Amino acid sequence: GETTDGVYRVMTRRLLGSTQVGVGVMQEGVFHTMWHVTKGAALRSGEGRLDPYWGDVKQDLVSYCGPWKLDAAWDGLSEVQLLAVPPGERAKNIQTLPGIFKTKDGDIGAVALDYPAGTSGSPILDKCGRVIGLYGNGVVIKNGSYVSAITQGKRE
Amino acid sequence: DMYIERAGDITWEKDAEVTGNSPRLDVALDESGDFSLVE
Ligand SMILES: O=C(Nc1ccc2c(c1)CNC2)c1cccc2[nH]c(=O)[nH]c12
């Protein structure tokens, strides 16, 4: 069906009314989203069907129709824009300076913006509009608020 | 069964609302892709 580049809402009719379970990026004929949004299930786009191509529960990422295409990275110094697509609310760019998730395998970018769980999959952009990662996987800090990581996949 | 709807273009917008702090958090990622705060 629709394969135009951009940001998309992932919805479901399995529950009461139409409920938004997450968000995704369509780029180069591939739909990119978080694994915890779809659980690897196939998606629909009008009459068309999107089937999973690659996925990984630890990275919490999944691509549809083809391999992961997003490869831009946070430089460690610049502000980024979370293209937040909230449930029932209009898409909105939120500029922020990212923090650091210090891990045993290296550091990762992190956006400290609290958004509903249904905002999972919203892209994080650089000053060029490139997708440097997706919002939706992080931690609950001492304040109860969510601090998501900048989750980027690998372009083989 | 899940379905998708276009929500917009991916573009950087100048003069967007600038909010949020930049914290350095010690985390651990388990085999189930879940983060946890290490203190
Ligand atoms: O729960 C969230 N994310 C999530 C859930 C389940 C799993 C994973 C990530 C990865 N492995 C399985 C979430 C995402 C965005 C904002 C939030 N606010 C809040 O309190 N939780 C979230």
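Because only heavy atoms are used, hydrogens play no part in the values below, and waters and symmetry mates are left out as well, while side chains stay in. First listed ligand is number 1; within each ligand, the first listed atom is number 1. By convention in this document, chain letters (A, B, ...) are assigned in the order of the sequence lines, proteins followed by strands, and residues within each chain are numbered from 1.
- In this structure, A:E2 contributes its side chain and B:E5 its backbone to no donor-acceptor pair below 3.5 Å.
- Annotation: atom 3 (N) of ligand 1 to nearest protein heavy atom, A:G136 O, 2.8 Å.
- The A:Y115 neighbourhood of ligand 1 comprises atoms 16 (C), 17 (C), 18 (N), with distances under 4.0 Å to a heavy atom of that residue.
- In the candidate list A:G22, B:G33, A:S120, A:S120 is nearest to atom 15 (C) of ligand 1, counting heavy atoms.
- Counting the atoms of ligand 1 from 1 in the order shown, those under 4.0 Å from a heavy atom of B:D34 are 7 (C), 8 (C), 10 (C), 11 (N), 12 (C).
- Side-chain atoms of A:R155 do not come within 3.5 Å of backbone N or O of A:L70 as any donor-acceptor pair.
- The line from CG of A:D60 to OG1 of A:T33 is 9.0 Å long, rounded to the nearest 0.5 Å.
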Would you sort out whether A:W54 and A:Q59 count as a side chain to side chain contact (heavy atoms under 4.5 Å, CB included), showing the intermediate values? CA-CA 11 Å; A:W54 169 81; A:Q59 293 180 48; 3.5 Å; yes

Begin with the C-alpha distance, continue with both residues' side-chain angles, and end with the deciding distance and a verdict on side chain to side chain contact (heavy atoms under 4.5 Å, CB included) for A:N93 and A:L125. CA-CA 9 Å; A:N93 284 66; A:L125 317 187; 4.1 Å; yes

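- Closest protein heavy atom to atom 19 (C) of ligand 1: A:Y146 CD1, 3.3 Å.
- Between the side chain of A:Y135 and the backbone N or O of A:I124, no donor-acceptor pair lies under 3.5 Å.
- Checked against a 3.5 angstrom limit, the closest N/O atoms of A:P116 and ligand 1 fall outside it.
- Against a heavy-atom cut-off of under 4.0 Å, B:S32 is close to the following atoms of ligand 1: 11 (N).
- What sits closest to atom 5 (C) of ligand 1 on the protein, heavy atoms only, is A:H36 CD2, 3.6 Å.
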